[PDB]
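Each chain is listed here by its residues.
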Amino acid sequence: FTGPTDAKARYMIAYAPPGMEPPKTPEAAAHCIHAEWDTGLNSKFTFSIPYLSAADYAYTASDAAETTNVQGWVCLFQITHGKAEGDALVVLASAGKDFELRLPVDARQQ
Amino acid sequence: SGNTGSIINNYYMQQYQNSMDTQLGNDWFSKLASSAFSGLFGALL
Amino acid sequence: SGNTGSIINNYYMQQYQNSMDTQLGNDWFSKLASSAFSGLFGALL
Amino acid sequence: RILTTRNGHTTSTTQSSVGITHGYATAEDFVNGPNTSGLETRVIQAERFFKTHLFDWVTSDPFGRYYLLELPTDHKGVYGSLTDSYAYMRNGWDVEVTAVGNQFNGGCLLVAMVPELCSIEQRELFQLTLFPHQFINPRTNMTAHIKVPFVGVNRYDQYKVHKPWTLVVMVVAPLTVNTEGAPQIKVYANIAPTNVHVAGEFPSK
Amino acid sequence: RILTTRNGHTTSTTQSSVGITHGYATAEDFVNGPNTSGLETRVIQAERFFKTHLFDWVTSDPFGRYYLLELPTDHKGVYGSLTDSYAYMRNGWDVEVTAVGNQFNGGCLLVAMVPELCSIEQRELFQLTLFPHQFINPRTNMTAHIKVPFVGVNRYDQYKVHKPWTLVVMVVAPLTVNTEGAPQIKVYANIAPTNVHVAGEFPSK
Amino acid sequence: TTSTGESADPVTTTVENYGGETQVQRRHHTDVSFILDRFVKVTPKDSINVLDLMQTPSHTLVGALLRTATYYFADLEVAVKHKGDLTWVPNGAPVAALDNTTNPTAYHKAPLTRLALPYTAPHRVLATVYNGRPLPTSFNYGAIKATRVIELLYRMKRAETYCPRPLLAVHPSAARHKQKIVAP
Amino acid sequence: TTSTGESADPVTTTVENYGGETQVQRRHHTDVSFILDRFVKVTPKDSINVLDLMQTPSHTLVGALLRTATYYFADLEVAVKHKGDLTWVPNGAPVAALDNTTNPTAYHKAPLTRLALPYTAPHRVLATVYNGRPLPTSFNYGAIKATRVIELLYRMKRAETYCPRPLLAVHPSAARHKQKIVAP
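Residues numbered from 1 in each chain as written, not as in the entry; some residues may be left out. Chains lettered and ligands numbered in written order. Part of a larger assembly, values for the part shown. Heavy atoms only, no water.

Its PDB record attributes the structure to cryo-EM, giving the resolution as 3.15 Å.

Right under this line is the structure:
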């Protein structure tokens, strides 16, 4: 969170698995694996979305035949805010503690 | 050790197979991954 | 062990020859054949 | 002879059972895999019995009527709510198929819990005694009670897409109401999910 | 200062909490009584958080606006299904009421979890600091987090008739958007049932 | 040897009931990982075709002792008469991948080209039947392409199967299914 | 897991924050000296061409996991379809040298000619980028010549790299980059 010193906010991030359409309101998304944080002295908060899948490994592609998004969604909601007009919440993304990547195929990027 | 998968020592000597290294007098980014702080930063309830 | 009939270890390593198995933590139908009751069920004369 | 089985807070008694037919295993495999990241829980409230109607045995039916149902079927109780409130889940089965006739009705009946299938040809019927099975013979017994574990391609299954097991009945020998037997039999079932696990939570409406 | 609370697979973080206010007990009483005959089970899947909207704090409101809600309220998730699928059940509560304003909004706010009540007179408001309570003061803190056990006349309660607890807020001192503060505050809640037990099963439709 | 028949309990009475004496019965030729290792031949397609163990015919020796097991796991081997520069993608690669040379590519060398490729699939064990006939996309071993594939063969290694399934012999019209047998 | 973000200190919180339990994660297929050893193919020139590890395309698997490391050291291998009497000079030889037979010269032998030549260069370690785009002359492995070079391939041995550099995926117009996947 990169707001001023006099701006406060509260956010939620939830993980919705496949089968149901993703949530659209925070009150309807509190039954997921969500977790909420509050802005203050420490700026950054890191939440690591889990790995849930029937098959042991999952693809790193999306064929056109599968429009269902077999893995799921990850929703990010803002509960409330105080004098937080037009601020910014930069995000990042990193590998996990147990990420595994396999079956190498160099296929048509360069 | 790369795509080297024979259990027999190569027929040719080591110095003829590839350039012999010389000394004077992953290493660092793997030290970075272990330094990663992961515990809780506040008082859990 | 299938149609494998050489007395020399294959030139390539084990992990390059075939997929290495992983563990977690005929088996059953052969236990069934041994459970088969075969004795007489009545009083022989 | 007498045998009383209990699942959860529900029981059942039969006075003519010829045993339980354990199929494909005695115990289940490891249920904490590497795919679920340990976010799995074992509900115990959903291991009770429930009932359904299969069909009515009658003298007109010749050899080869199967009338199979695939399960997990729709469920009013708790277990019916889990597939609506969770993504992946796994469970064994513990069936009990009852056909109360009379001491004097000749005929036979074969019931087997077979893995994934949609339809069976008439030739494959002669070889149905490979899956966990049991004969219902009205001269001696009236209950089957097969008991199978969960099995599937991948560890946790999405029951909205894949139905692994399928209870199959079959008339091996036609009914014969010779002199004093009951005119027809009505076959019922008494299935009960056992050892249910569940992981992955849904957002409600 | 920093404090992270977790119930089930859901968490929550606050960076200004002034502690937890345990009310009326630290642990619960004996939960296997003589009335239930031991036919009681402890579901663990239903101890997660859920959220609701209380009201919006505004400068017009004078001292004495309470806007209380009685809970267990209606619930989309699992815990909402239990009261529909079981007769008697008991559970504590673990609330968290949040009102995010600014460092520069003066005012005060009192929140207390009071036992069974329907309405409170204006005179009794002055003595609300007898029940488990906590002040929300926008100069310092923004979260309350009271924690109470189950309490009732009889051991197991029928939540279709008796609602024992009732979360009550109250504006002790009016909001003042002096110079740089937020124009209004919107109060939310983050309740989570804890230690839920349940006994007695219903027949479905 | 009367016993309760409606019990699914195996009962194998022997020849020693009336004086007999069972000779020794050794079964090596009927194992499940010895009978499947035999290069069954599949009907090859044009330039590009996928390595799926189910396009083999249902009346061969490997194709018919395979559709007798619900689940199976087995490494693979092929030997193709490619007229070109055959390549092979792993399981799940975008089908435009088998045009690049970084993927394992064998060059032409008369007459065959025998490869031994591993088993790559998300599922812990494949399946012949599937209760969704079309199986999912995930059930395969990979896809090879060449200018013109001429022949193709399958030879499962380390095969191991579960949950048997019915096998069917040919139904004869006569009382007995007579036919020719080699004779000098 | 709130922590000061403006510190560049890695912070990798795990799944055990809300009951999870991390499975074991083994990474063999993603090593840096195992993924580069795969015969990437370069666009071959006419009679004479130089062995520079940067003329390989920037969208392959070897060409794109190489322009992600500022510095690199690696022995080399080639396999060319020369139509002639291919020769090879070391690094720094006058370009008129690759006409003499004393230099290592392979004779024609169908179909390929696979060589394993060492790393010869003054600098202790080469570099992909250089802040002098043209790199200096010193950055190469040597130059081969034949009557008509037809094919050429690169396979780095003992590769080891330093100082990583950005990698870029293809930008899709839609919300998700869908495409074909092999399916039976």
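We are not done yet, so read on.
Engineer: Tell me about the overall build of chain A, and name the residues and values.
Structural biologist: When helices and strands are counted, chain A shows 0 helices and 4 strands. Ordered by position from the N terminus, the helices and strands of chain A form the series β-β-β-β. For 110 residues, the compact-globule estimate of 2.2 N^0.38 gives 13 Å, and chain A exceeds it by more than 25% at 17 Å. Dimensions of chain A along its principal axes, counting C-alpha atoms only, are 50 × 35 × 25 Å. The buried share of chain A, reckoned over its 110 residues, is 45%. Here the analysis covers contacts within chain A between residues at least 6 apart in sequence; of these, 75% occur between residues at least 24 apart. If you sum the accessible surface of chain A, you get close to 5600 Å²; carbon and sulfur atoms cover 56% of it. Seen as two clouds, the 8 positive and the 13 negative side-chain charges of chain A have centres 6 Å apart. (Helix = DSSP H or I, 4+ residues; strand = E, 2+ residues; numbered from the N terminus. Rg over C-alpha atoms; globule rule 2.2 N^0.38 Å. Buried < 20%, exposed > 50% of the residue type's maximum accessible area, 1.4 Å probe, protein only. Contact = heavy atoms within 4.5 Å. Areas by Shrake-Rupley, 256 points an atom, 1.4 Å probe, with all protein chains shown as cover. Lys, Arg positive; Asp, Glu negative; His and termini not counted. Charge placed at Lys NZ, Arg CZ, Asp CG, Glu CD.)

Engineer: Just give me the short version of the sheet that holds strand β13 (residues 185-189) of chain D, but keep the residues and values in it.
Structural biologist: All names here are of chain D. Taken in spatial order, the 3 strands line up as β5-β13-β8 in an open sheet, and their pairing is antiparallel. The open sheet terminates on both sides in strands that have one partner only, identified here as β5 (52-57) and β8 (97-98). As defined by bridge partners, β8 adjoins β13 across 2 bridges and the pair is classed as antiparallel. Pairing of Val97 across the sheet is with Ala189, part of β13. (Pairing = 2+ DSSP bridges.)

Engineer: Give a detailed account of the interface of chain A and chain G, specifying residues and quantitative values.
Structural biologist: Taken together, the contact between chain A and chain G spans 31 residues of the former and 39 residues of the latter. Here chain A meets chain G over a buried area of about 3000 Å², counting both sides, of which 49% is carbon and sulfur. Between the two partners, chain A and chain G, sit 0 salt bridges. Counting the contacts that link chain A with chain G gives 24 residue pairs in polar contact. Here the side of chain A that touches chain G is built from residues that sort into 12 nonpolar, 10 polar and 9 charged. Pairing analysis gives 2 bridges linking strand β3 (residues 62-63) of chain A to strand β11 (residues 178-179) of chain G, with the strands arranged parallel. Bridge pairing links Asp63 of chain A to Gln179 of chain G in β11 of chain G. (Buried area = accessible area lost by both parts, 1.4 Å probe. Salt bridge = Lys/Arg side-chain N within 4 Å of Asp/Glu carboxyl O. Polar contact = N/O pair within 3.5 Å; in protein donor to acceptor, adjacent residues only side chain to side chain. Nonpolar A, V, L, I, M, F, W, Y, C, P; charged D, E, K, R; others polar.)

Engineer: Now, about the interface of chain F and chain C: what can you tell me, with residues and values included?
Structural biologist: Contact with chain F, which involves 19 residues of that partner, is made by 15 residues of chain C. Counting the contacts that link chain F with chain C gives 1 salt bridge. Counting every contact that joins chain F to chain C gives 3 residue pairs in polar contact. Contributing elements (two or more residues each) for the side of chain F that touches chain C: β3 (69-75) and β10 (157-164) of chain F. Here the side of chain F that touches chain C gets 3 residues from one element, more than from any other, and that element is β10 of chain F. Counted by class, the side of chain F that touches chain C contains 9 nonpolar, 5 polar and 5 charged residues.

Engineer: Would you mind going over the pairing of strand β14 (residues 193-201) of chain D in detail, with residue names and values included?
Structural biologist: Residues and elements named next belong to chain D. β14 sits mainly inside the fold: 8 of its 9 residues count as buried. Bridge count between strand β7 (residues 86-94) and β14: 6 bridges; the pairing is antiparallel. Its bridge partner lying in β14, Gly92 is registered against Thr194.

Engineer: Which residues make up empty space enclosed by the protein, and what values go with them?
Structural biologist: Within this model, the largest cavity holds a volume of roughly 60 Å³. Residue composition of the lining of the largest cavity, grouped by class: 3 nonpolar, 3 polar and 3 charged. Approximately 50 Å³ is the volume attributed to the second largest cavity. Considering only residue class, the lining of the second largest cavity consists of 7 nonpolar, 1 polar and 1 charged. (1 Å grid on protein atoms, 1.4 Å probe; cavity = no way out; pocket = protein on both sides within 12 Å on 5 of 7 lines; lining within 4 Å. Points joined across faces, edges and corners; volume = space filled by probe spheres on them.)

Engineer: Tell me what's going on with the packing of aromatic side chains, and back it up with residues and numbers.
Structural biologist: Two measures describe an aromatic ring pair: the distance that separates the ring centres and the angle between the ring planes. Applying the stated rule across the entire model yields 23 aromatic pairs over all chains. With centroids separated by 6.0 Å and ring planes inclined at 70°, the aromatic side chains of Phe37 of chain B and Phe41 of chain B adopt a geometry described as edge-to-face. Assessed through its relative accessible area of 30%, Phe37 of chain B is described here as partly exposed. Here the aromatic cluster, defined as three or more aromatic residues joined through ring pairs, consists of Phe1, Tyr11, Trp37 and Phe45 of chain A. The ring of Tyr57 of chain A carries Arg102 of chain A above its face, with NZ or CZ at 4.3 Å from the centroid. Directly above the ring of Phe34 of chain F sits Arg38 of chain F, whose terminal nitrogen or CZ lies 5.0 Å from the centroid. (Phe/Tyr/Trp six-rings, centres within 6.5 Å; stacked < 30°, edge-to-face > 60°. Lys NZ or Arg CZ within 6 Å of the ring centre and 35° of its normal.)

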